[PDB]
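Notes follow the structure.
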Amino acid sequence: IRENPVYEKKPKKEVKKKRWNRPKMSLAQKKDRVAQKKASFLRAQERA
RNA sequence: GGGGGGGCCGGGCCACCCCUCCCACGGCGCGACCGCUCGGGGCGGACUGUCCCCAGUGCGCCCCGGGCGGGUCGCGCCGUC
């Protein structure tokens, strides 16, 4: 350690940059999920 | 004599009447740019109805189309003791 302390950080550039996080759902995609329910509820229970 | 008056000048500057330019402002007309927000396609991918297709919603980017619109810039015409 005491004859060469210097760091030589490994070079880094390969990544293809995919996104395997999960993105934030937009306004209108929440805005229809209700009215996408409540048409699955209404239609369903206006039979039986 | 007094009073009154006409004069005796060339020149233009301003500018009435006939010509022709440079700006400013407006109007109308067109052109370019920026913007908003509406349609078709391509890709990324959300949601549910639907077996899917499709339907309803609509997000990221790329390609095309349309409607309105403020501002900026460019041009065309009409108006302005």
Checklist entry - Which chymotrypsin sites (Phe, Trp or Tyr not before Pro) in chain A pass both tests, a DSSP loop state and at most 11 other beta-carbon atoms within 10 Å? => result A:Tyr7, A:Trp20
Item to check | Eligible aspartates and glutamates near A:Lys24 by straight Cα distance, threshold 17 Å, same-chain separation 8 or greater | outcome: A:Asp32
Checklist entry - Suppose every K and R has +1 on its Cβ and every D and E has -1 on its Cβ; what is the size of the dipole of chain A about the Cα centre, in Debye to the nearest 20? => result 160
Next on the checklist: Taking 0.36 nm per residue of sequence separation and subtracting the Cα-Cα distance, how much length would be gained by fully extending the chain between A:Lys9 and A:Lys24, in nm to one decimal?
Outcome noted: 2.0 nm
Checklist entry - Between exposed trypsin sites (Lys or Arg not before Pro) in chain A, where DSSP calls loop and at most 15 other Cβ atoms lie within 10 Å, what's the longest gap? => result A:25-37
Next on the checklist: Using Stokes-Einstein with the Kirkwood hydrodynamic radius over Cα pairs, what translational diffusion coefficient do you get for chain A at 20 °C and a viscosity of 1.002 mPa s, in µm²/s rounded to a whole number?
Outcome noted: 128
Next on the checklist: For A:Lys17, give me every one of the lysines with a C-alpha distance below 29 angstrom, ignoring sequence neighbours fewer than eight places off in its own chain.
Outcome noted: A:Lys9, A:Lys30
Item to check | Theoretical ellipticity at 222 nm over chain A - DSSP helices of four or more residues, -39500 (n - 2.57) apiece, nearest 500 | outcome: -6500 deg cm²/dmol
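Don't worry about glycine lacking a Cβ; one is built from the backbone with ideal geometry, like all the others, and counts go over all protein chains shown. Values in this text are rule-based calculations from the coordinates and carry no lab data.
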